[PDB]
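The chain that follows stands alone, in the form deposited in one PDB entry, written as structure tokens.
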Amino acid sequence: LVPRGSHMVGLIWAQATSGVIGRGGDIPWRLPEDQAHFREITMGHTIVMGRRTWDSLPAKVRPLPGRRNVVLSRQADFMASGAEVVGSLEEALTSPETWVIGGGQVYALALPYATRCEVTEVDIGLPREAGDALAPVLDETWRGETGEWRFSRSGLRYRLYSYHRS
């Protein structure tokens, strides 16, 4: 349970088995089961994303519905129509429950404050290339639950992990 006076911070991402989460300003696969899972977890909560992740959303879809959208930028003239832009995680993490939804820079930034991670791993063989955005690496303070491999309607295997720490 999440007491309303707390500030719970979770990270949620989908990665290939290599750790790649983004390339060329997009996610280099599509998995409908992961889209549904991402929405089930985040709906109703504040979502925090990096400026480059906001840029990756088509103008017609953003801000993402059903969730308070917060965008991190250091640029005083960057504006996100329909959403709030803030310059730090301290300013972004005011809600009782916040999901950090990417990308690679913002996961690394938020990791020291996070107590939950929800991961989808997609069994697509995408090697890491220079410039890719990557999932954060989780140290031994994190305890994980790994689901069995499942199979998507799209013909890719995937599995879910849930990590927690104190």
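Residues that one form lacks are left out of the comparison. Basically, rigid core = biggest C-alpha set you can superpose within 1.5 Å across the two forms. Residue positions are given as counts along the sequence shown, with the first one as 1.
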Legend entry - Mean temperature factor over C-alpha atoms, higher-scoring stretch between 112-120 and 137-145: 137-145
Inset, instruction - Give the stretch, out of 127-135 and 49-57, with the larger mean C-alpha temperature factor in the deposited entry. - result: 127-135
Legend entry - Chain-relative CA temperature factor third for residue 17: middle
Legend entry - CA B-factor ranking of residue 103, expressed as a third of its chain: lowest
Inset, instruction - Place residue 26 in the lowest, middle or highest third of its chain's C-alpha B-factors, as listed in the PDB entry. - result: middle
Inset, instruction - Would you check the entry's CA temperature factor for residue 71 and let me know if it's in the chain's lowest, middle or highest third? - result: lowest
Legend entry - Among modelled residues of the same chain, the CA temperature factor third for residue 34: lowest
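Form deposited in another entry: not shown, discussed below.
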Legend entry - Residue shift check between this form and the one not shown, rigid core fit, residue 22 Cα at least 2 Å: yes
Legend entry - Outcome for the Cα pair residue 129, residue 23 in the other entry, compared with this form (closer or farther; change of 3 Å or more): farther
Inset, instruction - Specify closer or farther for residue 13 and residue 23: how their Cα atoms are spaced in the other entry versus the shown form, given a shift of 3 angstroms or more. - result: closer
Inset, instruction - Enumerate, in order of sequence, every stretch of at least three consecutive residues present in both forms where each C-alpha is displaced by 2 angstroms or more between this form and the one not shown, superposition done on the rigid core. - result: 22-25, 58-61
